[PDB]
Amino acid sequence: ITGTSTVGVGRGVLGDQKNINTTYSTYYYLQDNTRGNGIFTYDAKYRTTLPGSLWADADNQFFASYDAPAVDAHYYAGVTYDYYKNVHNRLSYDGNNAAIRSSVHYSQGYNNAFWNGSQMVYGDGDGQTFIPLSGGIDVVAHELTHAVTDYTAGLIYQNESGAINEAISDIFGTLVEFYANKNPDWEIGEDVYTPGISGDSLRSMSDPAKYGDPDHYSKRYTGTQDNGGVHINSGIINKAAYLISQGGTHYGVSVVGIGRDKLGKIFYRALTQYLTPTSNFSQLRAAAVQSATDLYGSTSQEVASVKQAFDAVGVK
């Protein structure tokens, strides 16, 4: 809608207070005009028709429990946007400041979130396995990263190419979590997963195996479930990226860590200049090698670490 840019305040899913960019025109809307062509957050009203209604509020104060997921979806999309602009000089997911749109209160008891090709979508969780999924910044940044991947490498969402797609979303979700820097970790979804159990998460990048995901290529899933294990085999790439950044010795193979920012640079470059819709793990290894070479030189420590990290997870 057309209006003046304004600033509201609310409480997010975890009870934390934050400012949000809104637009005023009779009502206050969750429309942030400060970022590209704007960030727009919608109410799906417990149904599955999308997007639903542009979120409208009477007083620009968002402290109702019904408001919390919208507050986080709107705010964390702004954070993710800032990451791509400030760190990789990328304007929104298409690189040309596309409007970023998200719907919350999708369905009833829906324990997931997704990018539907055009927008982000967040369930409320059933209150047991999940609370409202937009509560996790790794989750938001994971979903928005799919839009990024889909406009750039266009990794097809099955088998190894799908695993790569899912891993890139875990990687940049995590890197965005660390960018916002609020007890960040190498875990995925800890903030919105199982409110009754502390310390757990949906997936782990530092220890994929913790949750039964492969941390080495010899252990890859080869069946047909999960589109050929796109959320399972991502663990092999997640561990590679964890190693690249943090270092370690994994199955006897030592890796000298190069830190988070360099991991991001290498993987952003691979994603945007070398990956294709059909790339498999082996081609991912080359893309990352070629990226690090470009960025730091063929004799660098960086290129050396990319090689050992992929050696370590069994990817040749």
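Residue indices: 1-based, along the sequence shown.
K.L.:
Regarding 114-122 and 85-93, which shows the higher C-alpha temperature factor on average in the entry?
P.N.:
Comparing 114-122 with 85-93, the higher average CA B-factor belongs to 85-93.
K.L.:
Could you check which stretch, 69-77 or 176-184, carries the larger mean CA temperature factor in the entry?
P.N.:
The deposited B-factors put 176-184 ahead on the C-alpha mean.
K.L.:
Checking the entry, which one of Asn238, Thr152, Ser198, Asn159 has the top C-alpha B factor?
P.N.:
Checking the PDB record, the top C-alpha B-factor among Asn238, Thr152, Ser198, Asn159 is at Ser198.
K.L.:
Out of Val104, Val192, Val230, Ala147, which shows the largest CA B-factor listed in the entry?
P.N.:
If I rank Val104, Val192, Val230, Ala147 by C-alpha B-factor, first place goes to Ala147.
K.L.:
According to the PDB entry, is the CA B factor of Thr49 in the bottom, middle or top third of its chain, that is, lowest, middle or highest?
P.N.:
Answer is lowest: the recorded C-alpha B-factor places it there.
K.L.:
Which third, lowest, middle or highest, does the CA B-factor of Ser234 fall in along this chain?
P.N.:
According to the entry, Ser234 has a C-alpha B-factor in the chain's lowest third.
K.L.:
With respect to C-alpha B-factor, does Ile131 fall in the lowest, middle or highest third of the chain as deposited?
P.N.:
As the PDB entry reports it, the C-alpha B-factor of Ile131 lands in the lowest third of its chain.
K.L.:
Going by what the PDB entry lists, where does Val255 fall on CA B-factor within its chain: lowest, middle or highest third?
P.N.:
As the PDB entry reports it, the C-alpha B-factor of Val255 lands in the middle third of its chain.
K.L.:
Using the temperature factors of the C-alpha atoms in this entry, rank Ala309 within its chain: lowest, middle or highest third.
P.N.:
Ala309: CA B-factor falls in the middle third of its chain.
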